[PDB]
Every structure is written in structure tokens, then in C-alpha cells.
Amino acid sequence: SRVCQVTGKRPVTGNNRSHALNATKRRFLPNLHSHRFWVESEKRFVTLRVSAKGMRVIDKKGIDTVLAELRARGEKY
Amino acid sequence: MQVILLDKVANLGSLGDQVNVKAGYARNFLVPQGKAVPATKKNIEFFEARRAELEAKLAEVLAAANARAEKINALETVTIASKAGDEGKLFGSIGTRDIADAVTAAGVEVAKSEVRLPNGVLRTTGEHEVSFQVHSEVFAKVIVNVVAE
Amino acid sequence: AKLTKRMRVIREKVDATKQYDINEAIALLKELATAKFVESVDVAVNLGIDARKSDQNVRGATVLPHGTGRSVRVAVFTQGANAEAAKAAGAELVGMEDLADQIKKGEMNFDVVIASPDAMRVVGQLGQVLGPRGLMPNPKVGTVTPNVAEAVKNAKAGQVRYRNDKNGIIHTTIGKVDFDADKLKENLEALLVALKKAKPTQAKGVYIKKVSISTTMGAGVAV
RNA sequence: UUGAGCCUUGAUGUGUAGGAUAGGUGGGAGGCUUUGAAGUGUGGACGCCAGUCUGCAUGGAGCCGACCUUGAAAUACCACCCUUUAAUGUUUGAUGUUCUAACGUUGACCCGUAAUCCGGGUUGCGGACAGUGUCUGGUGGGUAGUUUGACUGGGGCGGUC
RNA sequence: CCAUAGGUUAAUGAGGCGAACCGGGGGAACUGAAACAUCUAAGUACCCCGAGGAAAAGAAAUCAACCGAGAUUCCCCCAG
RNA sequence: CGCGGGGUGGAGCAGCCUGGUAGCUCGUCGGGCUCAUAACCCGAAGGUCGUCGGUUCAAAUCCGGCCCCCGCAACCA
């Protein structure tokens with residue numbers, strides 16, 4: 001499973017249509033990279049898996065709150 | 001993120017103009033230094049009289065001159081030497097915490113030196129260039145000692 | 001200095017990249033004309049739209065509320081004693097079928113032509129030489145009327161002709177530098193409406209967007 | 001360093017013969033000018049070899065046209081508009097290089113671990129690209145699905161509504 | 001080192017069997033259109049999560065038409 | 001039928017995209033060099049510039065028609 005860990009993206013089923021109209025599957029899947037954070041409550045470079053446009057939400061919520069949401073959904077990182 | 005400019009950070013951007021910047025960079029460089037801010041569009045009509053014609057009145061006296069002739073003319077060797085053995089290897093530079101150190105402490109903070117290198121960091125042995133501050137925007141240069149006496 | 005004594009003055013006075021309000025700059029334009037000869041204040045519209053396509057052509061004539069100040073020769077085609085009354089009322093020459101030969105031969109010295117409907121038979125075919133010159137008598141403007149002693153006053157009231165050029169431009173006079181700046185502004189207003197009333201309806205790209213006002217040996221400003 | 005988009009200011013228009021460098025369009029025997037024009041040297045450049053320009057010193061009100069004659073068309077001085085061409089301001093590119101924050105490492109060493117299957121650490125090397133996820137215009141005989149009119153001494157070319 | 005990876009202890013819940021119904025999110029195929037191309041088949045089978053005797057919903061950022069209504073649920077109607 | 005190009009004396013190609021503009025080679029008719037030819041030297045004749053229009057100071061050239069050539073496209077119910 002590709003997870004963005006802050007903007008709610010997960011691998012899910014769905015259609016692809018432009019004009020024809022054909023029964024072609026899409027299955028919505030994101031891009032996947034990692035970034036290294038510093039929180040100064042522990043002396044580590046903390047690595048997390050991420051996707052596009054998540055950092056604007058890691059700012060708006062704060063990194064403490066984003067990791068608290070992962071625990072609130074029981075999601076390992 | 002759309003932000004309003006407060007400082008000279010853009011070649012096409014001006015005080016009270018709106019620019020688009022990534023939020024992680026804006027929260028790193030622009031917002032904590034009071035150089036650009038989110039929203040703020042409702043306050044810009046006063047920026048000319050409150051900031052522009054205030055900063056420009058200090059730039060009428062600070063410095064109103066070109067170039068210095070004090071502390072800045074010389075080049076000579078200084079009392080600073082580099083720590084290395086007979087293999088001539090430095091094994092990575094500790095920079096501002098070792099270059100001016102005389103005590104090499106371990107229980108307390110070693111004082112951060114204010115010196116500036118023309119190449120940023122040291123990497124190899126021998127006769128390298130270093131500089132120190134002589135006024136608010138002005139630095140004077142010297143070369144390191146290699147006789148180690 | 002490569003620029004002449006009169007020319008160096010106006011190079012400090014205006015620059016084409018700058019913003020100007022013509023409600024104050026049309027009074028400054030009176031001082032940009034530097035020709036010793038009689039100068040004109042001219043409106044230029046830059047095109048387009050296509051310069052060759054006949055469906056996108058703009059060619060016409062109009063009456064200005066203050067005229068241009070230029071006195072004109074006006075020809076009248078009428079018969080009987082009404083010819084001498086039309087002369088005295090505004091016509092500068094009389095038309096007859098001997099002058100219709102000069103018109104077929106393209107030899108014309110007049111800015112307007114007037115005709116009585118009983119005499120129009122002298123010039124009624126001449127559209128292929130008067131039409132491309134903006135001179136053809138037309139009932140839809142009163143230049144064909146049994147009242148030609150009124151139409152000659154309307155001809156000397158101040159009219160202008162306008163046609164597009166292959167370069168992508170159209171030039172027209174709005175007055176003399178002797179005029180009050182509100183007469184020049186009402187002539188500017190009137191001319192831009194006369195060009196708007198002449199709009200081509202199937203043309204692509206700018207028509208009336210790019211407008212300037214300029215002067216003989218002088219300089220100009222955008223509207 | 002500037003190939004390109006935009007900006008601003010300088011510069012510029014000569015086949016050739018006949019006197020001439022007519023950029024184009026429209027005006028115009030009076031109009032450029034005394035704080036200013038020529039010319040050829042130390043020394044350069046452009047080229048249609050016609051001539052001519054930047055810099056500088058000068059010399060010091062000029063000078064053209066008519067008549068004659070070239071050409072679609074005049075020859076002072078110019079509103080307005082291009083062409084070519086170098087810089088200025090700026091974004092963006094092909095490339096060379098520099099920094100390492102991103103990225104690769106099918107490098108090395110350590111820890112987990114008397115486990116090298118792969119996660120973290122230590123660190124060298126290259127470095128703003130690749131890889132992926134798609135948006136998007138093609139190509140795709142491979143894949144996936146699919147179409148293929150009737151009359152006819154055998155269908156075939158021919159006749160036919 | 002602080003920690004992290006890993007480890008230990010205590011309290012708590014669920015796992016399967018299924019009958020029929022049922023909520024939450026996805027979701028065919030063979031057909032039919034007398035081919036087939038939007039459409040039909042079809043929100044039926046089927047899958048993951050979850051549960052009660054029912055489930056679920058629920059108090060207008062909803063309807064209405066100048067009259068006014070003032071949560072949800074369910075049967076006969078509204079309507080082929 | 002659409003779009004961008006091709007068609008300039010008998011055979012091939014510059015010119016067109018800037019209005020001041022017709023050329024070159026080979027054929028043919030002259031000759032020349034050779035005993036003589038493929039080639040080479042350089043004059044003369046042949047002008048609806050496929051073919052018809054439009055506009056002006058200026059189009060074979062620009063914007064169109066008509067007939068063929070080169071090459072694959074879209075513009076509907």
C-alpha cells in the first residue's frame with residue numbers, strides 16, 4: 001500500500017473515462033517519496049513516507065498532530 | 001502559498017506585492033524574519049509611509065560612502081594552524097569549533113568562532129586563506145600557519 | 001548632438017513607455033508640435049485584424065463637432081438659378097457633365113461632393129472613382145437632397161475621410177494646435193465613435209484597442 | 001556564455017548606370033545652423049570597393065533645388081511604421097563549472113546478529129537528473145473487444161436497385 | 001546519550017461455526033439493444049469491514065411558492 | 001475535398017516566402033576542338049511562367065477558382 005500519511009491518499013478502485021466511453025480501470029494510486037524531519041525532543045533525523053502536497057498540511061496541523069492522527073487510526077509508520 | 005512581501009527578496013517583487021511560495025520555505029526563511037507574510041492584503045496602503053520612507057531615511061546616512069581604508073589593506077600569516085599528522089590528512093574539518101580553539105573541552109561548550117572562509121569549509125592541509133570581521137559588512141583576510149610554532 | 005534644437009525639447013517632455021491621462025495630456029500635445037508650417041493633431045489606430053481581407057476593410061467619412069479648421073473645396077451638381085444660391089451658401093465650385101469627364105479621368109480638387117436628385121444623373125455611375133476616394137454623393141448622409149443649400153453648410157461644418165493602410169494603421173485629424181483642449185477631446189470622442197459605428201463584424205484580433213494622438217514633427221501619447 | 005520570450009536605449013538602410021545610400025507610407029521652398037558642420041592623421045572597422053562610421057583635433061554658417069535629369073516614386077526637415085544590429089533591465093534555455101539541503105550508490109564499514117534476508121548508523125563518490133505516479137499529443141498487428149449488404153448456370157472482373 | 005529498532009509486565013476487546021434478513025465502501029459476467037460503438041445487464045452475483053432482533057436513519061447550511069411546513073422510521077398511496 | 005507544396009520555350013531546375021523581376025544547362029539552329037563520338041568551349045532562335053481571375057505605383061510571387069502530381073488527413077447531424 002502506497003500511503004501519503006497526511007492527505008488521506010490510499011490505493012482504491014475506480015473508473016477512467018475521457019470520451020469513448022470504455023470500461024477501462026484507473027485504480028487511484030499516488031506518487032511515493034520520503035523526507036527527514038527534526039523535532040529537537042529527540043536527537044534523530046526522523047524519516048517518514050510521503051506524497052505530493054502534504055507539507056502544507058504538516059505545517060497547518062503541526063508534525064506532532066500528524067503523527068497523533070496515525071496513532072488515532074492505528075497506522076504503523 | 002500566497003504571501004505579501006516586506007523585504008527585498010525578489011528582483012520583480014516589491015513591498016506590498018503578492019507572490020506564490022512553498023509554505024515549508026516561507027515558514028523557514030520569510031515569515032520568522034518579517035520578510036514576507038500570509039494574508040496581510042488589508043494593511044498595504046500604509047507600508048510606503050511606515051516602512052519605505054523610513055528605511056530610505058536610514059539609507060540617507062548609513063553609510064553614504066564607498067569603501068574603507070582602515071583595518072582592510074593588509075595580507076599576512078596569523079597565529080592559526082591546522083591539526084593534522086604526517087599523512088597530511090584532516091579527516092573532515094570541525095571548522096568554527098576547532099580553528100580558533102586553545103582548550104579542546106569535553107564537559108562544556110567550545111566557543112563558536114566568527115571567522116569566514118572564501119570556500120566556506122576547510123578540507124586539506126597547507127597555506128589556506130581565512131578572514132575576520134572589521135566592520136558591520138567588512139572582512140579582512142590572512143593565511144594560516146604551517147610551521148606549527 | 002544628432003537631434004535638432006526643437007527636437008531635444010520634446011525628448012525630455014514625453015516618453016512612449018509612460019502612463020498619461022489624456023484629460024491633461026491633450027493640452028500638453030498642443031506644445032509637442034514643432035513644424036514651422038501648419039501642423040495637425042492626428043489620431044492613429046494600430047491594427048489588427050487583417051490588412052488585405054476586403055471583409056475586414058474600414059473606409060468611410062464623418063462630421064466632427066468642431067471640424068479640423070481646414071477650409072475645403074465643395075462641388076455642387078445642380079441646374080438653374082439654385083447653383084448661384086448654393087455657391088453663396090457654401091459651394092466652392094459648380095458641377096456639370098464637362099466636370100464628369102475630369103472625374104472619370106480621376107482629376108479632382110474637392111473634399112466633398114453634393115448633388116440635387118434631378119441632376120444626380122450626371123455622376124450616379126461614378127462610384128468606381130468617387131467611392132474609393134470617399135467622395136460619392138449618398139442619400140443616407142444628406143449629400144443627395146433637393147435642399148443642397150443646407151448640405152453645403154454641412155460639408156463646410158468640418159468633415160474627415162479615413163481608410164486603413166497595408167502597414168496595419170489608420171490616421172485621421174482631430175484639429176489644429178490653436179484649439180481649446182475640450183474641443184480636441186470632443187473631436188477625439190466623436191472620431192472614436194465614428195470608427196466604432198464602422199466596426200467589421202467577422203474580423204479576428206484587435207480593432208480599436210491601440211490608440212495614440214500625435215503631432216507634426218512632434219511626438220504623441222496613448223489614449 | 002546568451003539561442004529564445006518580454007523591456008529600454010543607442011545604431012542603421014549604398015546592386016548597378018546617370019548626379020546621388022529615395023528603407024516604407026504621408027506631408028513639405030523654404031528648412032536644418034553660430035555651445036557648430038567639414039577632414040585625415042596616430043590607429044581601427046564595414047563592404048555591394050560604392051564609399052562610410054565610432055573617437056578626437058579642427059573651422060567657424062552653412063547648403064540643396066528650379067533649368068537639367070534619374071526613377072513606380074525625390075533630393076531640406078519630419079509625425080507614423082518596419083528591417084537589421086549591439087548593449088541595458090528581466091524571465092527562460094543548450095553547455096561548462098561550483099555548493100549539497102533533494103536524488104542515486106547493483107560502494108565500504110558498524111549495529112540489530114556467533115543470522116547480510118533488509119532496517120538503522122558511520123562515511124566516501126557522483127549530483128538538481130534518473131526512478132515512480134500521471135497529465136498530454138503520437139506510434140503500437142502485439143494485446144483487448146469488434147465489424148465485414150444482396151441479387152450470381154461455383155464464388156472471380158463484368159450486369160443490378 | 002536523549003531516543004529509535006528491539007524487548008518485558010498488567011488490564012481490555014476480537015478471531016471460528018453459520019440459517020434468513022441487514023448497515024458501510026467497492027463491484028462483475030453471460031445477456032439485450034435482434035450486429036455494435038454511448039446505453040442495458042447492474043448496483044444482481046461477488047469481495048473486504050461490521051452487527052441486532054431487526055438493521056439503518058435522525059432534529060433543515062431541507063422542502064415549499066407568498067400559503068406555509070418545522071427530526072428519523074414503517075404500511076397503503078403518490079406512480080409506472 | 002481538405003491542408004502545405006510541385007507545374008517557369010522540346011527535357012530539367014533558380015526567381016516566389018521583401019513590388020521595381022526572367023536565368024541556366026541539355027535538345028534544336030550556328031559553329032569551335034578532332035579524321036570522329038559520349039564530354040568540353042560560347043553564340044542565336046523558341047515566352048498563354050499548368051490555366052482563369054482579383055487589386056495597385058508593383059503578384060507567374062499575394063488571396064481565390066479550374067486540371068493533374070507529392071504526402072496523409074478531418075468539419076458536426
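Cβ atoms here come from the backbone N, Cα and C positions, even for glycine.
In Swiss-Prot this protein carries:
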- B:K71: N6-succinyllysine (MOD_RES)
- B:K83: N6-succinyllysine (MOD_RES)
- B:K89: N6-acetyllysine (MOD_RES)
- B:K112: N6-succinyllysine (MOD_RES)
Spatially closest candidate among B:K83, B:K89, B:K112, the listed modified residues, to B:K71 (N6-succinyllysine) (Cα to Cα): B:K112
Distance, B:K112 (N6-succinyllysine) to B:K83 (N6-succinyllysine) (CA atoms, angstrom): 17
Entry from the modified residues list B:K83, B:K89, B:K112 having the most other CB atoms no farther than 10 A: B:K83
Cα separation, B:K89 (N6-acetyllysine) to B:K112 (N6-succinyllysine) (Å, whole number): 23
